[PDB]
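Q: using only what follows, build the 3D model:
(chains A and B, ligands or ions: 3)
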Amino acid sequence: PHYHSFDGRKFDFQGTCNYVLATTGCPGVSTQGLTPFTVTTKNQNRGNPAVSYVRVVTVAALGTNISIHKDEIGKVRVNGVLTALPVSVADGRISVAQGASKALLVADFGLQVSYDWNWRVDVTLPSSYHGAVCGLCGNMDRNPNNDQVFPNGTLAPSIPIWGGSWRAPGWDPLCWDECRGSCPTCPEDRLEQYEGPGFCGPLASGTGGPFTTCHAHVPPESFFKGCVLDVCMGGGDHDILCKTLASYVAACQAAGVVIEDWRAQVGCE
Amino acid sequence: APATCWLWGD
Ligand SMILES: *[C@@H]1O[C@H](CO)[C@@H](O)[C@H](O)[C@H]1NC(C)=O
Ligand SMILES: *[C@@H]1O[C@H](CO)[C@@H](O)[C@H](O)[C@H]1NC(C)=O
Ligand SMILES: [Ca+2]
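A: Numbers count the residues shown, from 1 in each chain, chains lettered A, B, ... in the order given. Ligands and ions are numbered 1, 2, ... in the order given. Sure, the structure comes next:
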């Protein structure tokens, strides 16, 4: 997206991971009785040149998770549960209502978050949080020039490496902070299918199929990532899938892990 | 005064 930090720094960043947009979880900062919160944004790429737009906004405050998803007009998720608007959560200390075609979250301690279920996100903080927050939005200290900084406080080499330091926790094998020219894409609706069994599932570490013996010798993620994108790009084509799986078997054999009869257990005979 | 971080696109 195009971003505008609390302190007014305009920058572009096209990472497709889930990022810490604003948080009080800032190493080496005192909190002074401020209520803690975290706003995260999951991005989604499209096109080539690769750009990204926000697809999920998540607000974690007062022991509650409110996420707001693209195209789910009139609805939020309270702790993963789809919910109509308006709604009051966290003991009536947080409220979300629909206004002027956007979801407007407001909290008693002053956090304001809005998302229009498309790709505009706004985060507004009371003056008390000056210098007390961090993430992609910076530290809100009226200085726009020190906002591109690691969690540990030191300047970052590049925008994409800075954004990577601010990824939120959670496995996201297909995401990246920057696309170095030649980068596949895949619609998020086709993702669960291609990641599960019958497709690239065997190359994911828990799914318990014919390749689990090799997972600990040839870490599968890079093959998994390549499977889902090669398959998703090929419209789910079986022969792309089988080739990608056979290349993991080749790497496994070179590591001394034999995998006989695999084709029969994944239908690649 | 309150301050605002926003984003849109791309
Ligand atoms: C909110 O989400 C976090 C991260 O997934 C989780 O650890 C926490 O338990 C959630 N809180 C509630 C109340 O569901
Ligand atoms: C902060 O972290 C980065 C890597 O994320 C590292 O290169 C840098 O040295 C760290 N700074 C300090 C002071 O530890
Ligand atoms: Ca600043």
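
Q: remind me what the lengthiest helix in chain A packs against, helices and strands.
A: Longest helix in chain A, counting residues (DSSP state H): helix A:238-254. Using 3 or more Cβ pairs under 8 Å, 6 or more residues apart in numbering or on different chains; DSSP states H and E as the contact test, the elements touching helix A:238-254 are helix A:212-215, helix A:221-233, helix A:262-266. Just so you know, the C-beta spots here come from the backbone N, C-alpha and C atoms, and that holds for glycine as well.

Q: of all those, which lies closest to ligand 3?
A: helix A:221-233 (34.9 Å; Cβ to the ion).

Q: list the buried residues in the closest one.
A: A:223-232 (16 or more other Cβ atoms under 10 Å in any protein chain shown).

Q: same deal with stretch A:184-203?
A: Using 16+ other Cβ under 10 Å as the test for burial, stretch A:184-203 gives A:184-186, A:193-195, A:199-203.

Q: any residue of that stretch up close to chain B?
A: No: using Cβ under 8 Å from any Cβ of the partner chain, stretch A:184-203 stays clear of chain B, with a minimum separation of 13.8 Å.

Q: what about the helices and strands packed on helix A:238-254, which gets the closest to residue A:66?
A: When the helices and strands packed on helix A:238-254 are compared by Cβ to Cβ, helix A:221-233 sits nearest residue A:66, at 29.2 Å.

Q: got the contact list for whichever residue of chain B sits closest to ligand 3?
A: Across chain B, the shortest distance to ligand 3 (Cβ to the ion) belongs to residue B:3, at 10.2 Å. Contacts of residue B:3 were listed using Cβ atoms under 8 Å, 6 or more residues apart in numbering or on different chains, and they are A:6-7, A:124-125, A:127, A:140.

Q: what does residue A:127 give?
A: Residue A:127 touches B:1-3, counting by Cβ under 8 Å, 6+ apart.

Q: residue A:47 too?
A: residue A:185 are the contacts of residue A:47 under Cβ under 8 Å, 6+ apart.

Q: kindly indicate which of the buried residues of stretch A:184-203 lies nearest ligand 1.
A: Proximity of those to ligand 1 (Cβ to the nearest ligand atom) peaks at residue A:195, which lies at 19.3 Å.

Q: returning to what we had before: which among the buried residues of helix A:221-233 are in contact with ligand 3?
A: By Cβ under 5 Å from the ion, no member of the buried residues of helix A:221-233 lies near ligand 3.

Q: before we move on, back to that, same list (the buried residues of stretch A:184-203) but as a markdown table, adding secondary structure and distance to ligand 3.
A: What follows is those, written out as a markdown table (DSSP: H, G, I helix; E, B strand; the rest coil; distance: Cβ to the ion, whole Å):
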| residue | secondary structure | distance to ligand 3 |
| --- | --- | --- |
| A:184 | coil | 36 |
| A:185 | coil | 34 |
| A:186 | coil | 36 |
| A:193 | helix | 43 |
| A:194 | helix | 41 |
| A:195 | helix | 39 |
| A:199 | coil | 45 |
| A:200 | coil | 42 |
| A:201 | helix | 44 |
| A:202 | helix | 47 |
| A:203 | helix | 42 |
